[PDB]
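Line order of the protein sequences matches chains A and D. Per the authors' numbering: the first sequence = residues 773 to 820. Per the authors' numbering: the second sequence = residues 623 to 672.
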Amino acid sequence: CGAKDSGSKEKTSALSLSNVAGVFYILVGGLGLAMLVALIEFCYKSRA
Amino acid sequence: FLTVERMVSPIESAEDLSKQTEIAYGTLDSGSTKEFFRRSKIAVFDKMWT
Ligand SMILES: N[C@@H](CCC(=O)O)C(=O)O
Numbered sequence: 773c774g775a776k777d778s779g780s781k782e783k784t785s786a787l788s789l790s791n792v793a794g795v796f797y798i799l800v801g802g803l804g805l806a807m808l809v810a811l812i813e814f815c816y817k818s819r820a
Numbered sequence: 623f624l625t626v627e628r629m630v631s632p633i634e635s636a637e638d639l640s641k642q643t644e645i646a647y648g649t650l651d652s653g654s655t656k657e658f659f660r661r662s663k664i665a666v667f668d669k670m671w672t
């Protein structure tokens with residue numbers, strides 16, 4: 773068996789990344805969506 | 623954090639002494655505890671005696 777939680781304890785400590793990891797996913801999704809919107813707008817406005 | 627102030631000891635499990643080296647530990651000389659560590663074959667206790 774290998775659960776074996778020991779050593780430094782986050783419970784006595786900060787928020788881990790796993791507690792706010794959703795915000796980073798939303799942020800990178802928004803960045804990708806913004807680049808995609810800019811690319812489709814440029815594709816529309818170009819070739820003429 | 624500035625409301626609740628839990629302490630937590632660094633050697634809670636009583637086995638961490640066998641892995642850590644920053645905390646020294648010993649027993650009374652010429653006593654039952656020293657002989658217990660000297661003779662016990664339990665792996666963790668063997669580590670402590672070593
Ligand atoms: N002093 C006794 C018992 C250990 C103790 O002090 O608790 C002995 O030498 O074995």
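Every residue gets a Cβ at the ideal spot worked out from N, C-alpha and C, and that includes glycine.
- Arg660 (chain D) is outside the set of residues whose beta carbon lies under 7 Å from a beta carbon in chain A.
- When the five nearest sequence neighbours on each side are left out, the beta carbons in the same chain lying within less than 8 Å of the beta carbon of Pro632 (chain D) are those of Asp638, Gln642 and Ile645, in order along the chain.
- In the DSSP assignment, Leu811 (chain A) falls within the unbroken alpha helix (DSSP H) covering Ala793 to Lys817.
- Legend: CB atoms of the stretch 627-640 of chain D lying less than 8 Å from CB atoms of chain A belong to residues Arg628, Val630, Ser635 and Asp638.
- For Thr649 (chain D), the three-state secondary structure derived from DSSP is coil.
- In the DSSP annotation of this structure, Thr643 (chain D) is not part of any alpha helix (DSSP H), being labelled neither H nor E.
- Rounded to whole angstroms, the separation of the alpha carbons of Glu782 (chain A) and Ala810 (chain A) is 41 Å.
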